[PDB]
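Novice: Below are the structure tokens for one structure; questions will follow.
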2 protein chains.
Amino acid sequence: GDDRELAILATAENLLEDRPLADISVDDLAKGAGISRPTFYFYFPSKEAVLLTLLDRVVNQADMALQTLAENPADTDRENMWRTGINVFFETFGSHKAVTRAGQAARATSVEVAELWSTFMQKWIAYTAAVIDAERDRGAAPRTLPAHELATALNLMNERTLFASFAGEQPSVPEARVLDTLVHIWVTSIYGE
Amino acid sequence: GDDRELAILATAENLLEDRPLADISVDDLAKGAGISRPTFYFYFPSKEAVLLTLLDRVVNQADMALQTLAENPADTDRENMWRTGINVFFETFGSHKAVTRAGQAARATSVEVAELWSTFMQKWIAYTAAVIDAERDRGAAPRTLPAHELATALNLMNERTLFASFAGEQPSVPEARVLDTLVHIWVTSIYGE
Ligand SMILES: CC1CCN(C(=O)NCCCCc2ccccc2)CC1
Ligand SMILES: CC1CCN(C(=O)NCCCCc2ccccc2)CC1
């Protein structure tokens, strides 16, 4: 039950490593999950719905990891605090590159996918701005740009930079350099006057 | 001749303000340009080719403005140098929001569009890195990150941040705040230790 659904999701994620969603059929998904095409349609209306569920799982995985981090402070410097946080996104999305790639592409065609990304990006920006605000309140960070606006640009940078690196786009920061690159820009822009 | 082509391009840019390329027909383009559908096909193979040409024009307009700026230094501080430069992109793309929007979407489906963006992003990153390198050589900027890697992330930030602002995406930096936001992050990350 859960098992056929889990199998469909696992098949989909595995096939997306090889080709885009356009080139994967419901027949491909059913076959891989060891069910028939009508049984597939019991669990999902479309292959598009399968992607949506896979992206939902990855975005929530990231969110829950960030929640964990937020509850137990690492006893470290400010640079390290930001690094550990960005690293949640690097490792989570970077562990699901095919879903990340397909999910990004689907924003163009899917209002539900567009709204899922938007919802979580708004949450992550809000959290970012709250931490900047806390750093300012304690006297560690200068009161420069509106914290929410700075947070916004820095999160959008990470979105575009991480995903270019993962996809091997030209241009991109090599994946082995992308965490240091982002952390630098975050720390200098947050603490810099 | 040039005139029918120019009319087709002008019609296309005007219709893209209203609806996406998917919802614009060759018949819509021909009618607007005051030609027949077969005469259209003399000038362009597809509506997709029309977009490609419009994007080519906008990207070259930006590039040529940056070339102009690069030839005649403004007698100003370092913050202002970066601002005037970023402003070329803000004003150029911001003056062609419908083409920018459609052109960004077309990267997913069009190898030629993907390669055009890539070509010019590589040029602009290279120029950025050259200016950072010059600032370091003169002793104004510290030798922190690899200049090309820093340049890369900052250009990708601008791409994603400007285009979210222009499209009124949620989340986005308000368009009236986006230049100050980007300039802050550029100057702090380039000059910060
Ligand atoms: C789909 C996008 C979402 C945005 N991305 C991303 O890296 N955001 C990073 C947010 C870091 C939040 C944080 C602040 C302080 C301490 C710990 C954590 C990139 C991926
Ligand atoms: C499609 C993208 C391309 C990248 N974008 C963008 O703002 N790049 C800014 C490059 C600024 C180069 C410069 C350096 C120093 C002095 C003057 C100029 C955003 C739009």
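Going by Swiss-Prot, the residues shown for chain A are 22-214, listed in order.
Header says: X-ray crystallography, 1.5 Å.
Any Cβ shown, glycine's included, is placed from N, Cα and C.
Copied straight from Swiss-Prot:
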type: DNA_BIND; residues: A:46-65; note: DNA-binding region
type: DOMAIN; residues: A:23-83; note: domain 'HTH tetR-type'
type: SITE; residues: A:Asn176; note: site 'Inhibitor-binding'
type: SITE; residues: A:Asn179; note: site 'Inhibitor-binding'
Novice: Could you tell me which three-state DSSP class A:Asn176 (site 'Inhibitor-binding') falls into?
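Specialist: Looking at the DSSP assignment, A:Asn176 (site 'Inhibitor-binding') belongs to a helix.
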Novice: Might you list, by sequence position, any residue in that chain lying six or more from A:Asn179 (site 'Inhibitor-binding') with a Cβ less than 8 Å away from its Cβ?
Specialist: A:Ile107, A:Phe110, A:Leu203
Novice: Taking the Cβ of A:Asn176 (site 'Inhibitor-binding') as reference, which residues of that chain separated by at least 6 in sequence fall under 8 Å from it?
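Specialist: Same-chain residues close to A:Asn176 (site 'Inhibitor-binding') (Cβ under 8 Å, separated by 6 or more) are A:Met142, A:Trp145, A:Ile146, A:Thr149.
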